[PDB]
């Protein structure tokens, strides 16, 4: 039976339309918590810019976090796994973005920065996703940092152009305007593995929930993967079950369907 739930944030817990968590989702997670489910966040975002979970956090419903696509995992105050990108690949991404004229976010363990933020950062991270403004630093400074995750604002075409300079990183994408880059093997699947290792939970007792391309590995890896109803077809194909759209009680309906609650 399911013992661990893994939830993506954007488009899974938090609506892109309201920037809020559906009421039925909060109710479902309260019910699951009381039944003893462990409830985990599994997001591409770094902790520093997770600014939209307060309704769950204030209710003390989250048992641990997979952040940065698996590159930074923690349970309470305890870090259980982290990674860093090979410096050559940080440098190559910085040089590429600066040459191309596109911005890039560089995330360290305890600092976050953006280089040359432009209309794409404003449009996508601030205006669309409601991320708080990230401090600016130069690409030269960024290129020298110990970086856990980079988020270049590159298209799929631009990604293929920089790819040979990025020979070992993982590149996770759910949206056409940016991708998240982490070190080899660091995907939300890795995050699941680290969390369940910590808790003594078997992979066969896991359930994941996602809407995006960066969820596909965790949708396949968990024993049961649930795709949100508005997800792209490749995300749905990776899942075992497709629930309703997020703003049509998709989380609650899935949890009820499986008897989680």
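Residue numbers count along the first chain shown, from 1.
Exercise. Hey, which bit's got the bigger mean C-alpha B factor in the entry, 186-194 or 90-98?
Worked result: Averaged over C-alpha atoms, the B-factors run higher in 90-98.
Problem set entry | Selected stretch [higher average CA B-factor]: 80-88 or 121-129 | Comparing averages over the C-alpha atoms only gives 121-129.
Problem set entry | Of the residues 205, 215, 58, 30, the one carrying the largest Cα B-factor as recorded | The record points to 58.
Problem set entry | Criterion, highest CA B-factor; candidates, 12, 25, 243, 18 | Of 12, 25, 243, 18, 18 has the highest C-alpha B-factor.
Exercise. Looking at the C-alpha B-factor of residue 38, is it in the lowest, middle or highest third of its chain?
Worked result: Lowest third of the chain for residue 38's C-alpha B-factor.
Problem set entry | residue 239 - which third its CA temperature factor falls in, relative to the rest of the chain | Middle third of the chain for residue 239's C-alpha B-factor.
Exercise. By its CA B factor, does residue 137 count among the lowest, middle or highest third of the modelled residues in the chain?
Worked result: For residue 137, whose C-alpha B-factor we compare with every modelled residue in the chain, the answer is the middle third.
For this session: For residue 201, return the chain-relative third of its C-alpha B-factor as stated in the PDB record: lowest, middle or highest.
Result: For residue 201, whose C-alpha B-factor we compare with every modelled residue in the chain, the answer is the middle third.
Problem set entry | Ranked against its chain, the third holding the CA B-factor of residue 260 | Answer is middle: the recorded C-alpha B-factor places it there.
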